[PDB]
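Chemist: Sharing query_26.cif, mmCIF, C-alpha atoms and all ligand atoms:
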```cif
data_final
#
loop_
_atom_site.label_atom_id
_atom_site.label_comp_id
_atom_site.auth_asym_id
_atom_site.auth_seq_id
_atom_site.Cartn_x
_atom_site.Cartn_y
_atom_site.Cartn_z
CA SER A 1 0.00 0.00 0.00
CA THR A 2 2.99 2.31 0.09
CA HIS A 3 4.55 3.66 -3.08
CA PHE A 4 7.66 5.86 -2.66
CA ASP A 5 9.36 8.52 -4.75
CA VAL A 6 12.69 6.72 -4.43
CA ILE A 7 13.79 3.36 -3.04
CA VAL A 8 17.38 2.79 -1.95
CA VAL A 9 18.49 -0.83 -1.76
CA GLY A 10 21.41 -1.18 0.64
CA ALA A 11 21.47 1.56 3.27
CA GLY A 12 25.20 1.52 3.91
CA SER A 13 27.97 3.99 3.21
CA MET A 14 26.58 5.16 -0.13
CA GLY A 15 22.90 4.39 0.31
CA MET A 16 22.38 6.14 3.64
CA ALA A 17 24.16 9.29 2.42
CA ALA A 18 21.90 9.19 -0.63
CA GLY A 19 18.92 8.75 1.67
CA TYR A 20 19.90 11.84 3.64
CA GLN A 21 20.32 13.94 0.49
CA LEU A 22 16.91 12.81 -0.82
CA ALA A 23 15.04 13.29 2.45
CA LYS A 24 16.66 16.67 2.90
CA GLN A 25 14.81 17.69 -0.29
CA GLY A 26 11.43 16.36 0.77
CA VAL A 27 11.71 13.34 -1.53
CA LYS A 28 9.64 10.49 -0.06
CA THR A 29 12.30 7.83 0.39
CA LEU A 30 12.42 4.19 1.48
CA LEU A 31 15.75 2.63 2.39
CA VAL A 32 15.96 -1.17 2.64
CA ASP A 33 18.90 -2.94 4.28
CA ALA A 34 19.76 -6.59 4.95
CA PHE A 35 20.81 -5.67 8.50
CA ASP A 36 20.59 -2.59 10.73
CA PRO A 37 23.10 0.13 9.67
CA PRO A 38 25.57 0.82 10.87
CA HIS A 39 26.58 -2.81 11.35
CA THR A 40 29.56 -5.15 11.13
CA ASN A 41 28.61 -7.31 8.14
CA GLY A 42 29.34 -4.84 5.37
CA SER A 43 32.24 -2.56 4.44
CA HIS A 44 31.79 0.32 6.89
CA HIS A 45 32.78 -0.80 10.37
CA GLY A 46 36.07 -0.84 12.20
CA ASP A 47 35.38 2.67 13.60
CA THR A 48 37.68 4.76 11.43
CA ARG A 49 38.27 5.67 7.83
CA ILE A 50 40.98 7.76 6.25
CA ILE A 51 40.05 10.67 3.98
CA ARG A 52 42.83 12.07 1.75
CA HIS A 53 42.60 14.90 -0.79
CA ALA A 54 45.76 14.55 -2.95
CA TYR A 55 44.70 11.24 -4.48
CA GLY A 56 47.32 8.61 -5.33
CA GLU A 57 44.74 6.33 -6.94
CA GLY A 58 44.35 9.20 -9.39
CA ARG A 59 44.23 12.99 -9.47
CA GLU A 60 40.79 12.84 -11.16
CA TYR A 61 39.27 12.06 -7.73
CA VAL A 62 40.36 15.32 -6.09
CA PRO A 63 37.21 17.39 -6.78
CA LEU A 64 34.96 14.70 -5.24
CA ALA A 65 37.33 14.39 -2.26
CA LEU A 66 37.22 18.15 -1.61
CA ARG A 67 33.45 18.31 -1.96
CA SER A 68 33.15 15.29 0.35
CA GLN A 69 35.41 16.91 2.92
CA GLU A 70 33.19 19.98 2.95
CA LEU A 71 30.09 17.78 3.33
CA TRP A 72 31.78 16.02 6.27
CA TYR A 73 32.32 19.41 7.93
CA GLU A 74 28.64 20.16 7.32
CA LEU A 75 27.60 16.84 8.89
CA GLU A 76 29.78 17.53 11.95
CA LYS A 77 27.79 20.70 12.62
CA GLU A 78 24.42 19.01 12.24
CA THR A 79 24.80 16.10 14.65
CA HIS A 80 26.04 15.35 18.18
CA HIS A 81 27.93 12.31 16.83
CA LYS A 82 31.67 12.90 16.24
CA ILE A 83 32.36 12.95 12.51
CA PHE A 84 35.94 14.00 11.69
CA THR A 85 39.36 14.49 13.30
CA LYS A 86 42.04 16.36 11.37
CA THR A 87 44.97 14.03 12.05
CA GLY A 88 46.48 14.83 8.68
CA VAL A 89 47.58 11.95 6.45
CA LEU A 90 51.15 10.89 5.77
CA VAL A 91 52.08 9.11 2.54
CA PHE A 92 55.52 7.61 1.98
CA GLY A 93 57.47 5.07 -0.02
CA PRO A 94 60.88 4.36 -1.60
CA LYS A 95 62.05 7.32 -3.69
CA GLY A 96 61.23 6.82 -7.36
CA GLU A 97 59.66 3.44 -6.60
CA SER A 98 56.04 4.27 -5.84
CA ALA A 99 53.39 5.18 -8.39
CA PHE A 100 51.09 5.79 -5.42
CA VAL A 101 53.44 8.32 -3.84
CA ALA A 102 54.23 9.85 -7.26
CA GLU A 103 50.58 10.35 -8.21
CA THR A 104 49.85 11.72 -4.72
CA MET A 105 52.56 14.34 -5.33
CA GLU A 106 51.23 15.12 -8.83
CA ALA A 107 47.66 15.39 -7.61
CA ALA A 108 48.77 17.82 -4.89
CA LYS A 109 50.66 19.95 -7.43
CA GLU A 110 47.89 19.85 -10.00
CA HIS A 111 45.25 21.00 -7.54
CA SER A 112 47.35 23.34 -5.47
CA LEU A 113 46.83 21.29 -2.35
CA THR A 114 48.63 22.21 0.87
CA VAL A 115 51.27 19.57 1.61
CA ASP A 116 54.74 19.11 3.14
CA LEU A 117 57.38 17.11 1.29
CA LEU A 118 60.12 15.37 3.25
CA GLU A 119 62.48 12.44 3.08
CA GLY A 120 64.63 10.02 5.00
CA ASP A 121 65.47 11.01 8.54
CA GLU A 122 63.23 14.10 8.36
CA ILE A 123 60.29 11.68 8.48
CA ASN A 124 61.66 9.86 11.52
CA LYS A 125 62.53 13.16 13.24
CA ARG A 126 59.18 14.85 12.61
CA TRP A 127 57.18 11.89 13.93
CA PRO A 128 59.03 9.93 16.63
CA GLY A 129 57.73 6.38 16.23
CA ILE A 130 58.22 6.08 12.49
CA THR A 131 61.40 4.40 11.29
CA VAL A 132 61.88 4.39 7.52
CA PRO A 133 65.06 3.79 5.48
CA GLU A 134 66.87 6.96 4.34
CA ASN A 135 65.93 6.35 0.69
CA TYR A 136 62.25 6.91 1.48
CA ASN A 137 60.39 10.12 0.74
CA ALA A 138 57.00 11.38 1.86
CA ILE A 139 54.17 13.79 1.24
CA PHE A 140 52.20 14.93 4.30
CA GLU A 141 48.71 16.41 3.92
CA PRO A 142 47.83 18.37 7.12
CA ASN A 143 44.20 19.08 6.31
CA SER A 144 43.26 15.47 5.57
CA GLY A 145 42.11 13.24 8.39
CA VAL A 146 40.02 10.51 9.91
CA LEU A 147 36.31 9.92 9.61
CA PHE A 148 34.34 7.97 12.19
CA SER A 149 32.41 5.93 9.60
CA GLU A 150 29.83 4.25 11.83
CA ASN A 151 28.99 7.66 13.37
CA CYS A 152 28.57 9.09 9.85
CA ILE A 153 26.08 6.44 8.79
CA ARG A 154 24.24 6.67 12.11
CA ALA A 155 24.09 10.46 11.78
CA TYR A 156 22.91 10.39 8.17
CA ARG A 157 20.25 7.89 9.23
CA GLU A 158 18.96 9.88 12.21
CA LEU A 159 18.80 13.03 10.11
CA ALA A 160 17.09 11.40 7.15
CA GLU A 161 14.53 9.66 9.36
CA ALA A 162 13.89 12.91 11.16
CA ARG A 163 12.86 14.20 7.74
CA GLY A 164 10.51 11.37 6.81
CA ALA A 165 12.80 8.77 5.26
CA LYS A 166 11.80 5.21 6.17
CA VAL A 167 14.43 2.56 6.86
CA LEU A 168 13.31 -1.08 6.61
CA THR A 169 15.95 -3.17 8.42
CA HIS A 170 16.77 -6.90 8.35
CA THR A 171 15.11 -7.17 4.96
CA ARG A 172 17.12 -8.65 2.14
CA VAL A 173 15.99 -7.57 -1.31
CA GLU A 174 15.96 -10.65 -3.56
CA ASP A 175 14.76 -9.47 -6.96
CA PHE A 176 13.86 -6.36 -8.95
CA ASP A 177 11.16 -5.63 -11.50
CA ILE A 178 11.93 -2.56 -13.60
CA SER A 179 9.54 -0.94 -16.05
CA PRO A 180 9.86 2.28 -18.10
CA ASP A 181 8.03 4.41 -15.52
CA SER A 182 8.46 2.58 -12.22
CA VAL A 183 10.59 0.24 -10.16
CA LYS A 184 9.71 -2.56 -7.77
CA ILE A 185 11.78 -4.57 -5.24
CA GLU A 186 10.95 -8.00 -3.81
CA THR A 187 11.74 -8.99 -0.23
CA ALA A 188 10.59 -11.70 2.17
CA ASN A 189 8.86 -8.95 4.13
CA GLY A 190 6.90 -7.68 1.11
CA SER A 191 7.29 -5.82 -2.22
CA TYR A 192 7.54 -1.98 -2.77
CA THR A 193 7.37 0.37 -5.78
CA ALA A 194 8.77 3.78 -6.51
CA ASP A 195 9.57 6.04 -9.44
CA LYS A 196 13.34 5.65 -9.03
CA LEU A 197 15.76 3.07 -7.70
CA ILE A 198 19.26 3.38 -6.24
CA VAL A 199 21.25 0.16 -5.86
CA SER A 200 24.11 0.24 -3.39
CA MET A 201 24.43 -3.25 -1.97
CA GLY A 202 28.18 -3.17 -1.33
CA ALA A 203 29.78 -6.63 -1.46
CA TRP A 204 26.43 -8.11 -2.48
CA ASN A 205 26.48 -6.12 -5.72
CA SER A 206 28.73 -8.97 -6.89
CA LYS A 207 25.86 -11.43 -6.37
CA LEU A 208 22.61 -9.56 -7.05
CA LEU A 209 23.35 -7.21 -9.94
CA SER A 210 22.59 -10.10 -12.28
CA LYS A 211 18.98 -9.61 -11.13
CA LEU A 212 19.15 -6.33 -13.07
CA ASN A 213 20.51 -8.08 -16.15
CA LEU A 214 23.98 -6.70 -15.44
CA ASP A 215 27.20 -8.68 -15.81
CA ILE A 216 30.13 -6.86 -14.27
CA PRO A 217 33.29 -8.37 -12.83
CA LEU A 218 33.17 -7.52 -9.11
CA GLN A 219 35.38 -9.39 -6.62
CA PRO A 220 34.74 -9.32 -2.86
CA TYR A 221 37.87 -9.54 -0.63
CA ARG A 222 38.31 -10.34 3.05
CA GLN A 223 40.26 -7.42 4.59
CA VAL A 224 41.18 -7.40 8.28
CA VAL A 225 42.52 -4.64 10.54
CA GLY A 226 44.04 -4.82 14.00
CA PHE A 227 44.37 -2.43 16.95
CA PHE A 228 47.71 -2.68 18.80
CA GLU A 229 48.87 -1.52 22.23
CA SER A 230 51.29 1.30 21.43
CA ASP A 231 53.67 3.85 22.97
CA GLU A 232 51.06 6.61 23.54
CA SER A 233 53.77 9.26 23.83
CA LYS A 234 54.40 8.60 20.14
CA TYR A 235 51.34 7.15 18.38
CA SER A 236 48.49 9.04 20.00
CA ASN A 237 46.33 11.46 18.06
CA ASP A 238 46.95 13.79 21.02
CA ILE A 239 50.65 14.08 20.10
CA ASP A 240 49.71 14.48 16.40
CA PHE A 241 50.69 11.06 15.08
CA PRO A 242 49.04 11.02 11.63
CA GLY A 243 46.79 8.69 9.71
CA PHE A 244 48.68 7.12 6.82
CA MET A 245 48.71 5.09 3.62
CA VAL A 246 52.15 3.99 2.53
CA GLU A 247 53.83 1.82 -0.05
CA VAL A 248 56.63 -0.60 0.84
CA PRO A 249 58.24 -3.41 -1.25
CA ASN A 250 55.52 -5.92 -0.44
CA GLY A 251 52.48 -3.68 -0.78
CA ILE A 252 50.39 -0.83 0.59
CA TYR A 253 49.47 -0.41 4.26
CA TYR A 254 47.20 2.16 5.96
CA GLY A 255 46.76 3.10 9.59
CA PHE A 256 45.39 5.46 12.20
CA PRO A 257 46.86 7.02 15.32
CA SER A 258 45.68 5.74 18.67
CA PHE A 259 42.50 7.56 19.70
CA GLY A 260 41.87 7.78 23.43
CA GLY A 261 44.46 5.07 24.05
CA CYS A 262 42.59 2.41 22.05
CA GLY A 263 45.72 1.65 20.05
CA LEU A 264 47.22 2.23 16.63
CA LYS A 265 45.11 0.56 13.97
CA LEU A 266 46.67 -1.04 10.89
CA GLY A 267 45.51 -2.71 7.68
CA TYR A 268 47.25 -4.41 4.76
CA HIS A 269 45.64 -2.92 1.64
CA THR A 270 46.98 -4.83 -1.35
CA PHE A 271 46.35 -8.36 -0.09
CA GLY A 272 43.11 -10.08 0.91
CA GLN A 273 41.27 -13.38 0.52
CA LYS A 274 38.78 -13.64 -2.35
CA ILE A 275 35.47 -14.54 -0.68
CA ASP A 276 31.71 -14.64 -1.10
CA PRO A 277 29.87 -12.11 1.12
CA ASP A 278 27.55 -14.83 2.35
CA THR A 279 30.21 -17.38 3.39
CA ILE A 280 33.10 -15.13 4.49
CA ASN A 281 34.62 -15.97 7.90
CA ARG A 282 34.33 -12.78 9.92
CA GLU A 283 36.60 -13.88 12.75
CA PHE A 284 39.95 -12.12 12.99
CA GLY A 285 42.90 -14.49 13.43
CA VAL A 286 41.55 -17.60 11.70
CA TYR A 287 44.24 -17.18 9.03
CA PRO A 288 47.84 -16.80 10.22
CA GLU A 289 48.22 -13.87 7.77
CA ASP A 290 45.63 -11.75 9.58
CA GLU A 291 48.03 -10.88 12.40
CA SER A 292 51.44 -11.74 10.91
CA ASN A 293 51.19 -9.42 7.88
CA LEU A 294 50.43 -6.51 10.19
CA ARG A 295 53.26 -7.10 12.68
CA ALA A 296 55.60 -7.64 9.72
CA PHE A 297 55.07 -3.98 8.85
CA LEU A 298 54.99 -2.67 12.41
CA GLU A 299 58.24 -4.20 13.68
CA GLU A 300 59.92 -2.66 10.65
CA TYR A 301 58.36 0.86 10.41
CA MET A 302 56.47 1.61 13.66
CA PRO A 303 58.22 -0.65 16.25
CA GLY A 304 56.75 1.20 19.20
CA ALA A 305 53.24 0.26 18.04
CA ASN A 306 53.80 -3.52 17.89
CA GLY A 307 52.36 -4.39 21.26
CA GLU A 308 49.54 -6.65 22.32
CA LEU A 309 46.71 -7.12 19.84
CA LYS A 310 43.82 -5.28 21.52
CA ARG A 311 41.20 -5.86 18.86
CA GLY A 312 40.60 -7.18 15.37
CA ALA A 313 37.93 -6.73 12.73
CA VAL A 314 37.12 -8.38 9.40
CA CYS A 315 35.52 -6.37 6.65
CA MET A 316 35.16 -6.40 2.82
CA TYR A 317 36.42 -4.63 -0.34
CA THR A 318 34.53 -5.09 -3.62
CA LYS A 319 36.92 -4.56 -6.54
CA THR A 320 36.39 -3.69 -10.17
CA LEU A 321 39.10 -4.56 -12.75
CA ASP A 322 40.49 -1.00 -12.89
CA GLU A 323 39.73 -0.36 -9.21
CA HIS A 324 37.65 2.72 -9.98
CA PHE A 325 34.09 3.06 -8.75
CA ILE A 326 30.87 2.49 -10.68
CA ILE A 327 28.46 5.39 -10.30
CA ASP A 328 26.07 5.73 -13.19
CA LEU A 329 22.57 5.06 -14.46
CA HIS A 330 21.64 1.52 -15.42
CA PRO A 331 22.44 1.27 -19.17
CA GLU A 332 18.93 -0.03 -19.94
CA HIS A 333 16.99 1.92 -17.30
CA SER A 334 17.46 5.64 -16.72
CA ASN A 335 15.30 5.25 -13.61
CA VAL A 336 17.83 2.97 -11.91
CA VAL A 337 21.09 4.22 -10.36
CA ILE A 338 24.05 1.95 -9.67
CA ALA A 339 26.74 2.48 -6.99
CA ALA A 340 29.29 -0.35 -6.79
CA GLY A 341 32.90 -1.50 -6.89
CA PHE A 342 34.31 1.02 -4.46
CA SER A 343 37.37 -1.21 -4.42
CA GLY A 344 38.43 -0.56 -0.84
CA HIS A 345 38.73 3.21 -1.00
CA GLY A 346 35.27 4.72 -1.27
CA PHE A 347 34.14 5.68 2.24
CA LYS A 348 35.85 9.06 2.25
CA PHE A 349 33.73 9.95 -0.81
CA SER A 350 30.43 8.63 0.52
CA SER A 351 29.09 12.07 1.49
CA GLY A 352 29.92 13.32 -2.01
CA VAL A 353 28.53 10.17 -3.64
CA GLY A 354 25.32 10.50 -1.64
CA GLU A 355 24.87 13.86 -3.36
CA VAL A 356 25.65 12.46 -6.82
CA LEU A 357 23.24 9.52 -6.42
CA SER A 358 20.47 11.86 -5.37
CA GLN A 359 20.95 14.05 -8.44
CA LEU A 360 21.11 11.02 -10.73
CA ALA A 361 17.95 9.54 -9.25
CA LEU A 362 16.04 12.85 -9.37
CA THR A 363 17.31 14.37 -12.62
CA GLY A 364 19.12 11.58 -14.41
CA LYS A 365 22.17 13.85 -14.34
CA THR A 366 24.71 15.30 -11.94
CA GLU A 367 26.75 18.49 -11.77
CA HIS A 368 29.85 16.42 -10.89
CA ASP A 369 32.07 14.93 -13.61
CA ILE A 370 31.55 11.22 -13.03
CA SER A 371 32.72 9.90 -16.40
CA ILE A 372 35.65 8.01 -14.83
CA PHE A 373 33.04 5.97 -12.96
CA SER A 374 30.99 5.18 -16.08
CA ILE A 375 29.35 1.76 -16.11
CA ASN A 376 30.04 1.65 -19.88
CA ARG A 377 33.81 2.14 -19.70
CA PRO A 378 35.86 -0.63 -21.42
CA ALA A 379 38.32 -1.28 -18.58
CA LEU A 380 35.32 -2.41 -16.55
CA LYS A 381 34.30 -5.27 -18.88
CA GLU A 382 30.58 -4.67 -18.30
CA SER A 383 27.77 -6.34 -20.24
CA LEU A 384 24.15 -7.49 -20.17
CA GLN A 385 22.91 -11.08 -19.74
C1 LIG B 401 36.68 -3.00 4.70
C2 LIG B 401 37.51 -1.84 4.74
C3 LIG B 401 37.14 -0.84 3.88
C4 LIG B 401 37.77 0.41 3.93
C5 LIG B 401 38.80 0.63 4.90
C6 LIG B 401 39.21 -0.43 5.79
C7 LIG B 401 38.58 -1.67 5.72
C8 LIG B 401 39.00 -2.79 6.64
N1 LIG B 401 39.43 1.84 5.07
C9 LIG B 401 39.00 2.84 4.23
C10 LIG B 401 39.62 4.09 4.44
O1 LIG B 401 40.49 4.31 5.31
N2 LIG B 401 39.17 5.15 3.57
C11 LIG B 401 38.19 5.03 2.56
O2 LIG B 401 37.87 5.97 1.87
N3 LIG B 401 37.63 3.79 2.41
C12 LIG B 401 38.02 2.76 3.21
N4 LIG B 401 37.41 1.51 3.05
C13 LIG B 401 36.41 1.33 1.90
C14 LIG B 401 35.02 1.85 2.26
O3 LIG B 401 34.70 1.47 3.66
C15 LIG B 401 34.10 1.07 1.28
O4 LIG B 401 34.44 1.41 -0.04
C16 LIG B 401 32.53 1.56 1.60
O5 LIG B 401 32.12 1.32 2.88
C17 LIG B 401 31.73 1.01 0.47
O6 LIG B 401 30.33 1.43 0.76
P1 LIG B 401 29.02 0.66 0.26
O7 LIG B 401 27.90 1.47 0.65
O8 LIG B 401 29.28 0.09 -1.05
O9 LIG B 401 29.08 -0.74 1.20
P2 LIG B 401 28.35 -0.90 2.69
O10 LIG B 401 28.70 0.26 3.49
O11 LIG B 401 28.79 -2.28 3.05
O12 LIG B 401 26.86 -0.89 2.34
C18 LIG B 401 26.13 -1.91 1.59
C19 LIG B 401 24.90 -2.17 2.37
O13 LIG B 401 23.89 -2.79 1.59
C20 LIG B 401 23.28 -3.85 2.27
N5 LIG B 401 22.75 -4.95 1.49
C21 LIG B 401 23.48 -5.88 0.82
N6 LIG B 401 22.75 -6.71 0.14
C22 LIG B 401 21.47 -6.31 0.38
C23 LIG B 401 20.19 -6.77 -0.07
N7 LIG B 401 20.07 -7.82 -0.89
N8 LIG B 401 19.05 -6.13 0.36
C24 LIG B 401 19.18 -5.06 1.19
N9 LIG B 401 20.36 -4.55 1.66
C25 LIG B 401 21.46 -5.23 1.20
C26 LIG B 401 24.21 -4.23 3.47
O14 LIG B 401 23.55 -4.76 4.62
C27 LIG B 401 25.07 -3.01 3.66
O15 LIG B 401 24.60 -2.30 4.82
CL CL B 402 34.87 -1.41 -1.02
#
```
The structure given in the file should be rewritten as structure tokens.
Modeler:
Amino acid sequence: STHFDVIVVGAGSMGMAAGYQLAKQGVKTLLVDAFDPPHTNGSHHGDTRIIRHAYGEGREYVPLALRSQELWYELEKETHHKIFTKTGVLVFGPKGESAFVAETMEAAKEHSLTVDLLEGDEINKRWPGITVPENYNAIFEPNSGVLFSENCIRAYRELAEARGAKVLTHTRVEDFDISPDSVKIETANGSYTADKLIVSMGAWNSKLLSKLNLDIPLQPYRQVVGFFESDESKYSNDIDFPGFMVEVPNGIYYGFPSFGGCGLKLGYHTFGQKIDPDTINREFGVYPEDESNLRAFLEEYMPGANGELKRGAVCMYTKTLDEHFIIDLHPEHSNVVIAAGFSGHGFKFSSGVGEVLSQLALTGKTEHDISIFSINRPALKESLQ
């Protein structure tokens, strides 16, 4: 008995931000989620998320990063939940041996971003606790920081619901029926129709997009993080230890300073187990690599933060072949919006993406340049069934 203006399937990082943007405009919105966001079964938990502006994955992301940062500052002012801490973000790697570092530097130059460049011992001297070889160089971004992701989703949800948005929890959408002038979703708890549909199922996009006649290579990965007892006089946010994403011989690692003494948090970015979102083992430590890959980095670069494992978490990345997002209209249905393949680095942009999804759903267009996220790009290898 209840039609909606817009239905959002998957009320996570991207869907809830879209829900907030829609509700803010008086658009009657229904958000449906398999669980109760924020939760620990998707890609948004683990407390913290890094947001960077000079983008090593590609300078073309800068505008969205800057717009997202401003939207995060707006969210901070609207809710009592803590949204962002300006820890700054340090990026480093072997000189001349890191495309990531190199593109971060180019992006900063190209967009006139405020950053400090340093190398070797200067890194170790500036931040006691970091020990890198002398042939390493770095780019520090002081105005970048850390987002409290679960707080963001919770805030976007409270605000959207305050404005009339309805969130149907613990309801897994199983199929879609799309027509030229309306959309319909099917769930065990009933079916619903609307004029527009936004699909942002995270890891499950790799399993249910075929229900929309889409065939896109999307690979879910098991990605763990660990919190370690650390020397608080060095790794605390209070003494300005930064968030970071760095590149060493064996891959990319990212981390956060200890907040309130909860310990430095670390994650290995370039390695993960290919899994299925419905059978993944969410227990940290079941694979020897979970803990060993982290300490391997710590004992070498942040030895004072290699103490007792205080906590672990298991979460998921959903990768595309080129590792760029998919934000576009469904090729066969202009009334359906797709948001997928955030490949492990999309949370920082979720506020910005929420805005883009809203525009796409309401107008079929967006003011942002989102061509690099086109669902029709060749590097994606997309097709219809
Ligand atoms: C896992 C991970 C990711 C990560 C990170 C560290 C780890 C361990 N650190 C990041 C960082 O420092 N900076 C950054 O910018 N990103 C970082 N990430 C990546 C980021 O967290 C992910 O890209 C982001 O969360 C992706 O968002 P998306 O909205 O795609 O995924 P979600 O938040 O999991 O939400 C999906 C929701 O949809 C629901 N769902 C699924 N299937 C259904 C069905 N069938 N019906 C209804 N709802 C469905 C889920 O329940 C989920 O809530
Ligand atoms: Cl992801």
Chemist: Between A:335, A:200, A:363, A:87, which one has atoms that come closest to ligand CL 402 (chain B), using only C-alpha atoms and all ligand atoms?
Modeler: A:200
Chemist: Which residues are near ligand CL 402 (chain B) - at most 9 Å, using only C-alpha atoms and all ligand atoms? Format: as a CSV table (one decimal) with C-alpha atoms, in the coordinates of the input.
Modeler:
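Saved to selection30.csv:
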```
chain,number,residue,atom,x,y,z
A,43,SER,CA,32.2,-2.6,4.4
A,44,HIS,CA,31.8,0.3,6.9
A,202,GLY,CA,28.2,-3.2,-1.3
A,203,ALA,CA,29.8,-6.6,-1.5
A,220,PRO,CA,34.7,-9.3,-2.9
A,221,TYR,CA,37.9,-9.5,-0.6
A,316,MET,CA,35.2,-6.4,2.8
A,317,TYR,CA,36.4,-4.6,-0.3
A,318,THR,CA,34.5,-5.1,-3.6
A,319,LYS,CA,36.9,-4.6,-6.5
A,325,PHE,CA,34.1,3.1,-8.8
A,340,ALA,CA,29.3,-0.4,-6.8
A,341,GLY,CA,32.9,-1.5,-6.9
A,342,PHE,CA,34.3,1.0,-4.5
A,343,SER,CA,37.4,-1.2,-4.4
A,344,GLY,CA,38.4,-0.6,-0.8
A,345,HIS,CA,38.7,3.2,-1.0
A,346,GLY,CA,35.3,4.7,-1.3
A,347,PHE,CA,34.1,5.7,2.2
```
Chemist: Near residue A:287, within 12 Å and counting only C-alpha atoms, which residues show up once chain neighbours fewer than 2 positions away are dropped, as a PyMOL selection string?
Modeler: chain A and resi 222-224+272-273+281-285+289-293+314
Chemist: Create the file for the chosen residues now, containing C-alpha atoms and written as a JSON list (two decimals), in the frame of the given file.
Modeler:
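Written out: selection-v6.json:
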```
[["chain", "number", "residue", "atom", "x", "y", "z"],
["A", 222, "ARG", "CA", 38.31, -10.34, 3.05],
["A", 223, "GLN", "CA", 40.26, -7.42, 4.59],
["A", 224, "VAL", "CA", 41.18, -7.40, 8.28],
["A", 272, "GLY", "CA", 43.11, -10.08, 0.91],
["A", 273, "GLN", "CA", 41.27, -13.38, 0.52],
["A", 281, "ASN", "CA", 34.62, -15.97, 7.90],
["A", 282, "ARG", "CA", 34.33, -12.78, 9.92],
["A", 283, "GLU", "CA", 36.60, -13.88, 12.75],
["A", 284, "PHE", "CA", 39.95, -12.12, 12.99],
["A", 285, "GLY", "CA", 42.90, -14.49, 13.43],
["A", 289, "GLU", "CA", 48.22, -13.87, 7.77],
["A", 290, "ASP", "CA", 45.63, -11.75, 9.58],
["A", 291, "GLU", "CA", 48.03, -10.88, 12.40],
["A", 292, "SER", "CA", 51.44, -11.74, 10.91],
["A", 293, "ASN", "CA", 51.19, -9.42, 7.88],
["A", 314, "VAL", "CA", 37.12, -8.38, 9.40]]
```
Chemist: Within 6 Å of residue A:148, counting only C-alpha atoms, which residues show up once you throw out same-chain ones fewer than 2 positions away? Write them as a PyMOL selection string, please.
Modeler: chain A and resi 47-48+83+150-151
Chemist: I need the residue nearest ligand LIG 401 (chain B) from this list: A:228, A:140, A:127, A:55. Use all atoms listed in the file for the distance.
Modeler: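 Between A:228, A:140, A:127, A:55, the residue approaching ligand LIG 401 (chain B) most closely is A:55.
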Chemist: Counting all atoms listed in the file, I want the residues whose atoms come within 10 Å of (49.5, 10.9, 2.5) in the file frame, returned as a PyMOL selection string.
Modeler: chain A and resi 50-56+88-92+100-101+104-105+115-116+138-142+144-145+242-246+254
Chemist: Write the residues of the preceding selection, restricted to C-alpha atoms, as a PDB file, in the frame of the given file.
Modeler:
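Written out: out-v8.pdb:
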```pdb
ATOM      1  CA  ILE A  50      40.980   7.760   6.250  1.00  0.00           C
ATOM      2  CA  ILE A  51      40.050  10.670   3.980  1.00  0.00           C
ATOM      3  CA  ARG A  52      42.830  12.070   1.750  1.00  0.00           C
ATOM      4  CA  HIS A  53      42.600  14.900  -0.790  1.00  0.00           C
ATOM      5  CA  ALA A  54      45.760  14.550  -2.950  1.00  0.00           C
ATOM      6  CA  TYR A  55      44.700  11.240  -4.480  1.00  0.00           C
ATOM      7  CA  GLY A  56      47.320   8.610  -5.330  1.00  0.00           C
ATOM      8  CA  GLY A  88      46.480  14.830   8.680  1.00  0.00           C
ATOM      9  CA  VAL A  89      47.580  11.950   6.450  1.00  0.00           C
ATOM     10  CA  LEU A  90      51.150  10.890   5.770  1.00  0.00           C
ATOM     11  CA  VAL A  91      52.080   9.110   2.540  1.00  0.00           C
ATOM     12  CA  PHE A  92      55.520   7.610   1.980  1.00  0.00           C
ATOM     13  CA  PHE A 100      51.090   5.790  -5.420  1.00  0.00           C
ATOM     14  CA  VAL A 101      53.440   8.320  -3.840  1.00  0.00           C
ATOM     15  CA  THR A 104      49.850  11.720  -4.720  1.00  0.00           C
ATOM     16  CA  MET A 105      52.560  14.340  -5.330  1.00  0.00           C
ATOM     17  CA  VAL A 115      51.270  19.570   1.610  1.00  0.00           C
ATOM     18  CA  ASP A 116      54.740  19.110   3.140  1.00  0.00           C
ATOM     19  CA  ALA A 138      57.000  11.380   1.860  1.00  0.00           C
ATOM     20  CA  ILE A 139      54.170  13.790   1.240  1.00  0.00           C
ATOM     21  CA  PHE A 140      52.200  14.930   4.300  1.00  0.00           C
ATOM     22  CA  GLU A 141      48.710  16.410   3.920  1.00  0.00           C
ATOM     23  CA  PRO A 142      47.830  18.370   7.120  1.00  0.00           C
ATOM     24  CA  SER A 144      43.260  15.470   5.570  1.00  0.00           C
ATOM     25  CA  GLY A 145      42.110  13.240   8.390  1.00  0.00           C
ATOM     26  CA  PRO A 242      49.040  11.020  11.630  1.00  0.00           C
ATOM     27  CA  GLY A 243      46.790   8.690   9.710  1.00  0.00           C
ATOM     28  CA  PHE A 244      48.680   7.120   6.820  1.00  0.00           C
ATOM     29  CA  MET A 245      48.710   5.090   3.620  1.00  0.00           C
ATOM     30  CA  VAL A 246      52.150   3.990   2.530  1.00  0.00           C
ATOM     31  CA  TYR A 254      47.200   2.160   5.960  1.00  0.00           C
TER      32      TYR A 254
END
```
Chemist: To one decimal in Å, tell me the separation between atom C1 of ligand LIG 401 (chain B) and atom CA of residue A:309.
Modeler: 18.6 Å
Chemist: Neighbouring residues of residue A:230 were defined as those with any atom within 9 Å, considering only C-alpha atoms; residues of the same chain fewer than 5 positions away were excluded. Please report them as a count of residues only.
Modeler: 13
